[PDB]
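According to the deposited numbering, the residues represented by the sequence shown are 28 to 57, 59 to 238, 240 to 252, 254 to 290, in order. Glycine included, C-beta positions come from ideal geometry on N, C-alpha and C. Just below is one structure, and these are the notes that go with it.
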Amino acid sequence: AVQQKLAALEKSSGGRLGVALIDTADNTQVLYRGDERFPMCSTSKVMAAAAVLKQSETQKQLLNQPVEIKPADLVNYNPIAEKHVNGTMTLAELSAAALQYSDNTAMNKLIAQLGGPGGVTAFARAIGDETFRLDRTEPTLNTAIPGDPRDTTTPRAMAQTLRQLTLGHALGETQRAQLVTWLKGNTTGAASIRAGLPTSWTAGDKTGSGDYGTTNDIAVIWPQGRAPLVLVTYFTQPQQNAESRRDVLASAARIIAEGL
Ligand SMILES: O=C(Nc1cccc(-c2nnn[nH]2)c1)c1cccc(-c2ncccn2)c1
Ligand SMILES: O=C(Nc1cccc(-c2nnn[nH]2)c1)c1cccc(-c2ncccn2)c1
Ligand SMILES: O=C(Nc1cccc(-c2nnn[nH]2)c1)c1cccc(-c2ncccn2)c1
C-alpha cells in the first residue's frame with residue numbers, strides 16, 4: 028500500500044523514484061525500485077568521508093593533516109574551499125565541508141586521499157557493499173545519464189551501508205559518532221527527506237543533485255519514541271535539463287512516515 032502510494036507519487040512526478048527504508052525497531056525494510065541503479069551525486073560524499081574516518085582509526089592524527097588548496101583545485105561549487113585557496117584545510121575540515129555544505133573541492137580532496145574514485149569503491153567493498161561504485165571525481169560524477177552505471181548505487185544497498193556506518197560497527201565508535209555529528213549538522217537538507225517528517229523527529233542527512242533533474246537524499250532519523259530509521263530517496267528525470275524536485279523526496283518521506 029505504501030508501494031502503491033509511492034507509485035502514484037512517481038507517476039505524477041514524471042520521473043523515476045527509488046526508496047529504501049530500514050526500520051531498526053524490527054529490521055524490516057520498505059523498498060520501491062530498491063534494486064534499480066540511480067546516480068548517487070553528492071550522496072556519495074558520505075562514503076568518501078567515511079573512508080577517511082576509517083583511515084583515521086589507525087592514524088589518530090589524520091584528521092588534523094593539512095591539505096593544500098590551490099587555485100587550480102577549485103571546481104564548480106566550493107563555498108568553503110574557496111576561502112582557503114593558497115592555504116590549507118585539514119582532512120576534518122574537508123570532511124565537514126563536503127558533508128555539511130556539499131563542497132565539491134572538498135570531496136575531490138577526500139577522493140584523492142583514498143587514491144582516486146576506486147579507493148572509495150574499495151572501502152565500500154571492505155564494509156560489505158558490493159553495489160556502490162564511484163568512477164569519477166567532481167563535478168563529472170553528477171552527469172546522471174540514464175542507463176550509465178558510473179557513480180551509481182541502489183536504494184537497498186545505500187540504506188544498508190548508511191545503517192552500518194551510522195548505527196552499526198563499520199566504523200570505530202569515535203568515528204561513527206563523528207559521522208553522525210556531521211550528518212546532523214548538515215545545512216542543505218530541510219527541503220528534502222526532513223520536510224516530510226514530523227517536526228518532533230531529529231535526523232542527519234546528505235543531499236545530492238545532478240543533471241537529468243536528479244534529486245537525492247539519504248538520512249538517519251531518530252523518531254519520537256521509536257528506534258532509529260534509515261531512509262534513502264533517489265529521484266531522476268528523463269530530460270537533461272529537468273529542474274530539481276526536493277518536494278518529491280519530501281513527499282516520499284511523508285508516505286514512509288505515515289506508513290510506520
Ligand atoms: O592505489 C591507489 N588508487 C586506487 C585507485 C583505484 C582503485 C584502487 C584499489 N582497488 N582495490 N584496492 N585499491 C586504488 C592510489 C593512487 C594514487 C595514490 C595513492 C597513494 N596511497 C597512499 C599514499 C600515497 N599515495 C594510491
Ligand atoms: O553547482 C551546482 N549545483 C549545486 C551546487 C552546490 C550546491 C547545491 C545545493 N546544495 N543544497 N541545495 N542546493 C547545488 C550545479 C548545478 C547545475 C550544473 C552545474 C554544472 N557544473 C559544471 C558543469 C556543468 N554543470 C553545477
Ligand atoms: O556538481 C554538480 N552539482 C552539485 C555540486 C555541488 C553540490 C550539489 C548538491 N548537494 N546537495 N544537492 N546538490 C550539486 C553538477 C550538476 C550537474 C552537472 C554537473 C556536471 N559537471 C561536469 C560535467 C558535466 N556535468 C555537475
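- Around the beta carbon of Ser-281, 16 or more other beta carbons sit within 10 angstroms, so the residue counts as buried.
- Ligand 2 has a heavy atom closer than 7 Å to the beta-carbon of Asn-104.
- Comparing C-alpha distances from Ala-78 to each of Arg-276, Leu-91, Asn-245, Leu-193 shows the shortest one belongs to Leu-193.
- As far as DSSP is concerned, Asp-179 takes part in no beta bridge.
- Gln-56 is bridged by DSSP to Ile-49.
- At a threshold of 7 Å, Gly-146 counts as near ligand 1, since its beta carbon sits closer than that to one of the ligand's heavy atoms.
- In its chain, beyond the 5 residues on either side, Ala-78, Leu-81, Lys-82, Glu-85, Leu-193, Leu-207 have a beta carbon closer than 8 Å to the beta carbon of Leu-199.
- Annotation for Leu-138: no beta strand (DSSP E) segment contains it, though the alpha helix (DSSP H) segment containing it runs 132-141.
- Residue state for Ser-237 is assigned as strand, using DSSP reduced to three classes.
- Taking C-beta atoms as the reference points, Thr-181 and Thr-216 fail to come closer than 8 Å.
- Between the alpha carbons of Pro-177 and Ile-221 lies a distance of about 25 Å.
- In this chain, the alpha helix (DSSP H) harbouring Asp-277 covers 276-289.
- Between ligand 1 and the CB of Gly-143, the shortest heavy atom gap is smaller than 7 Å.
- Within a 10 Å sphere around the beta-carbon of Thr-235 sit 16 or more other beta-carbons, which makes this residue buried.
- A residue is called buried once 16 or more other Cβ atoms fall within 10 Å of its Cβ, and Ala-126 is buried on that count.
- Within the region 71-129, the complete beta strand (DSSP E) runs of at least 3 residues fall at 94-97, 115-118.
- Selection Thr-51, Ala-109, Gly-175, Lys-88 evaluated against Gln-270 yields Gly-175 as nearest (Cα-Cα).
- Residues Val-103, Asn-104, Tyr-105, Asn-132 of the same chain have their beta carbon placed closer than 8 Å to that of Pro-167, with the five preceding and five following residues left out of the count.
- In this chain, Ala-150 is not harboured by any beta strand (DSSP E); it is covered by the alpha helix (DSSP H) spanning 145-154.
- Under the DSSP assignment, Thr-209 falls outside any beta strand (DSSP E), being part of the alpha helix (DSSP H) whose first and last residues are 201-212.
- For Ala-35, the enclosing alpha helix (DSSP H) stretches over residues 29-40.
- At a cut-off of 7 Å, the beta-carbon of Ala-150 counts as near ligand 1: some heavy atom of the ligand is closer than that.
- By the criterion of a C-beta distance shorter than 8 Å, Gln-31 is surrounded by no residue of its chain, once the five residues flanking it on both sides are discounted.
- Under the three-state reduction of DSSP output, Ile-221 falls in the helix class.
- With a threshold of 7 Å, the Cβ atom of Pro-268 does not count as near ligand 2, since no heavy atom of the ligand is closer than that.
- Sixteen is the threshold: when 16 or more other Cβ atoms of the shown chains lie within 10 Å of the Cβ of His-112, as they do, the residue is buried.
- Taking C-alpha positions only, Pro-252 is separated from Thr-227 by approximately 9 Å.
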